[PDB]
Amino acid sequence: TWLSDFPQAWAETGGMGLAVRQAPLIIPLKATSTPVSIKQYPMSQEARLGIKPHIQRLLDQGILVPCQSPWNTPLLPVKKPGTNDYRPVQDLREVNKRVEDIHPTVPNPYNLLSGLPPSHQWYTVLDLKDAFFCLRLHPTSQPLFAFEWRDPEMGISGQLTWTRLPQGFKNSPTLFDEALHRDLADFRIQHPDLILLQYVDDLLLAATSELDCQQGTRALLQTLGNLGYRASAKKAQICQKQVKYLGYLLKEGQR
């Protein structure tokens, strides 16, 4: 039972994450950038009702806060099913165009896997839950991601924005990847024989024996939980000799 031995590490038990060792992020704008305020496209009541619960939860979690800002981007009503359960999707393309570019450091999967020796065949795969939301956004960079939220009868005054790294921001993957690398630097040092692959929120721990993987996984989950990250208990693939990672089937050190 891992779900029990590591309360903090699992999203199902530790609650929403928060990377306590990471300074709130400041997002640099391009030299000539000026605020852009895109109007919110009218939203059908159905779309709005499907989205409402997610927005209320984020507000409850403090991931969204009311605000008044010169920046504004459209929120989009996106449903994966045939016509059920919506989810908010923000179009941040106009903001992305105004944010200074950074060097893409996230390695492509193929290259990331090459760094996997045939020796280590005991794998553990972890999927960090709501990775981006774990990184705080400095108050100065928060107004940048504002959007309008209407609640007819009575609700929010108008705009809401993120206090965490959001979905849709071009630099989120890279910023998260680098942040987690900084938080796990020590762990890599205390476990020289282990092999840890990081692909944004997708982690692969590789050990030589089942015992090392056991203790390796315990130490990792332990560290992640203490750092404020949360792994998905449901998706977790523990000490298997065969696992699914980045769209690959790892078996006998193949692929």
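Note that the rigid core is defined as the largest set of C-alphas that superpose within 1.5 Å between two forms. So that there is no doubt, residue numbering starts at 1 and follows the sequence shown.
Core-superposed in 9 other deposited structures of this protein, which stretch deviates more in Cα positions, 42-50 or 22-30?
-> Output: 42-50, the stretch lying farther off on average in 9 other deposited structures of this protein.
After a rigid core fit, does 122-130 or 107-115 show more C-alpha displacement in 9 other deposited structures of this protein?
-> Higher root mean square deviation of C-alphas in 9 other deposited structures of this protein is shown by 107-115.
For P166, record whether it is unmodelled in at least a third of the other compared entries of this protein.
-> no, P166 modelled in all other entries.
Taking the other compared PDB entries with both flanking residues modelled, is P74 unmodelled in at least a third?
-> Per the records, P74 is modelled in all the other entries.
Of the two stretches 156-164 and 76-84, which shows the higher Cα B-factor on average in the entry?
-> Taking the mean C-alpha B-factor of 156-164 and of 76-84, the larger value falls to 76-84.
Between 55-63 and 212-220, which has the larger average Cα B-factor in the PDB entry?
-> Here the higher of the two C-alpha B-factor means belongs to 212-220.
Highest CA temperature factor in the entry: which of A31, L49, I38, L194?
-> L194 has the highest C-alpha B-factor of those listed.
Residue with highest C-alpha B-factor in the PDB entry, from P173, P139, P107, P118 = Among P173, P139, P107, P118, the highest C-alpha B-factor in the entry belongs to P118.
Assigned third (lowest, middle, highest) for the C-alpha B factor of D151 = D151: CA B-factor falls in the highest third of its chain.
Should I27 be placed in the lowest, middle or highest third of its chain by the C-alpha B factor in the entry?
-> Its C-alpha B-factor, which the entry lists for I27, ranks in the lowest third among residues of this chain.
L227 by Cα B-factor - lowest, middle or highest third of the modelled chain = Answer is lowest: the recorded C-alpha B-factor places it there.
Among all modelled residues of this chain, ranked by Cα B factor, put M43 in the bottom, middle or top third, i.e. lowest, middle or highest.
-> According to the entry, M43 has a C-alpha B-factor in the chain's middle third.
Looking at the entry's B-factor column for C-alpha atoms only, identify whether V20 ranks in the lowest, middle or highest third of its chain.
-> For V20, the deposited C-alpha B-factor lands in the lowest third.
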